[PDB]
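Below is one structure, written out as structure tokens, with a few remarks after it.
Letters A, B, ... are given to chains in the order of the sequence lines, protein chains preceding strands, and every chain is numbered from 1.
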2 protein chains.
Amino acid sequence: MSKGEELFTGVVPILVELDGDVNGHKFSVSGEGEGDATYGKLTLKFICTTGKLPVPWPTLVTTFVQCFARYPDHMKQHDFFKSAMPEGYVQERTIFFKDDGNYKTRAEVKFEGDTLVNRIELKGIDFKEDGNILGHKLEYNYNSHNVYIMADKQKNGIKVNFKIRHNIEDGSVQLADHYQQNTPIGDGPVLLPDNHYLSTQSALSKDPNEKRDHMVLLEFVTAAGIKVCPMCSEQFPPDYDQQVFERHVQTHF
Amino acid sequence: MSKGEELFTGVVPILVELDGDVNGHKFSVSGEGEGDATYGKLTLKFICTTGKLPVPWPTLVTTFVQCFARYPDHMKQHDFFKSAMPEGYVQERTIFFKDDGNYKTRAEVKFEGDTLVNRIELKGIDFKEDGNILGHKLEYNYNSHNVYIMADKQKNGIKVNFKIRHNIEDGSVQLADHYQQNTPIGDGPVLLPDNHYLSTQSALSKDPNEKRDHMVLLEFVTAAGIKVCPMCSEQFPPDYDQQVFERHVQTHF
Ligand SMILES: [Zn+2]
Ligand SMILES: [Zn+2]
């Protein structure tokens, strides 16, 4: 459905660079790994190159290449992200931490040679030095979420929203409301989609031989949101021939 | 801290067999992959060898080898699972699905030759044909949970409990309360731990090539629950030198 699409048919190398400033605490993070959009799979490891991260690693999970989403055959028309490639897209976000500060981010994602590269600037303000973020009170894990996408034809792109729950130690949760826009860098045609979502799931781990402050991130990302026997609830592929299916339903009578 | 411990030093291949019966619906699943206790990493793929699974895959996540948990060095005394290897342990569970039925499971985990093998029998009763489980209303994802472990000296074993949240489509959650016991199979000495937890995280995926009904499972499991500048909340290793640490604290004066 786009020239972009064809660029993701194999494993693609990824590089990430973030510059951050949260409540004046400056830091930088570099990441590398690879992505496999046929599977919907990101494999990344990030390292804080300025020392220790002044925020919990899990608050940067969302910031740390949605072009690696698996879009099934029947929805490839709705894949804005690859359709912008190679010239790429800019991702903007504001992220509001309930009862705390906010991050604003701007990312440039595009191919640099054969590598997909995300260069990000992040600013955080109004955080509580004793709150869950600057206080490092967040657990080192993550939950599944759905990323809701819609077209923003006015800006030739998409608008995206979702809410993240970050588990806290005492068993509380810290809410992070994400408001996102993506616009193409280049001026070729892009794919503008019907409303749908990315099911995303995230596993965070540690490289037992890495002494630097670091996060290993696995992500699995599959698009959805664009078949069941009414008698016995048996499940069939959504492509499953309609008359074969009804023949199964008739079996109940 | 045990001989078992040394068996988990490398990548270990894993096989899984389950025989299941839920509300009279019988089924079998076979699984394989590998485990790396040094990272706390399980990699598994499962196939329903009888046809279609009459329950959702995510309801079998907890059932589908806790001997692969990474126990930090300072806690290797509390690692019951490896300590019962190679002879192994039996894991029993009752799993209560709120407003629905329950699974009861019994599993044998041990080495067979060089492979770690888990053979499981599962029985489910009192399920609603219309409810979240037999109606296949559960989303295909997973959240992080902490697995609370305690010694059960009377049984020369451990007792474990945790509560799983399964996301539903409409944004509801289905609760699954797990009550677990593990007892060694052999009669060598085992390690009986102080209370602690395993932080577990799971990512569920599909193999695009595989047309059988199946689940790809990644897990990252690390033990905890057995050091922070009181001024700026800067983080230090739990074993970081106490005088170096206080030297940093004194920096603020
Ligand atoms: Zn039927
Ligand atoms: Zn300090």
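The candidate with the highest count of non-hydrogen atom pairs below 4.5 Å against chain A, out of B:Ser202, B:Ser233, B:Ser144, is B:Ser144. Counting heavy-atom pairs closer than 4.5 Å to chain B, the top residue among A:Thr200, A:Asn146, A:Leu204 is A:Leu204.
Every side chain to side chain donor-acceptor pair (under 3.5 Å) that B:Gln242 has, sequence neighbours left out, goes to B:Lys227, B:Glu246.
With a 4.5 angstrom heavy-atom cutoff, A:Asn209 touches chain B only via side-chain atoms. Heavy-atom distances place the side chain of A:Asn167, and not its backbone, under 4.5 Å from chain B. A:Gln235 touches chain B through backbone and side chain together, each having a heavy atom under 4.5 Å away.
Checked against the 6.0 Å centroid criterion, the rings of A:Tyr142 and A:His166 qualify as a close aromatic pair. Residues A:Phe162 and A:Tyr148 keep their aromatic ring centres 6.0 Å or farther apart. Note: B:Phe127 and B:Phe97 meet the aromatic proximity criterion, with ring centroids under 6.0 Å apart.
Counted by atom type alone, B:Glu139 and B:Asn141 present one or more donor-acceptor pairs between their side chains at under 3.5 Å.
Put simply, the side chain of B:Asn102 never gets that close to the backbone of B:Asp126: no donor and acceptor are under 3.5 Å apart.
Within residues 34-69 of chain B, the residues that have a heavy atom under 4.5 Å from a heavy atom of chain A are B:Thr38, B:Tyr39, B:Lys52, listed by number.
The aromatic rings of B:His248 and B:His252 lie perpendicular to each other, with more than 60° between the two planes, well past the 30° mark.
Ionic pairing of B:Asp79 and B:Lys82 is present here: one or more N-O contacts between side-chain nitrogen and carboxylate oxygen are shorter than 4.0 angstrom.
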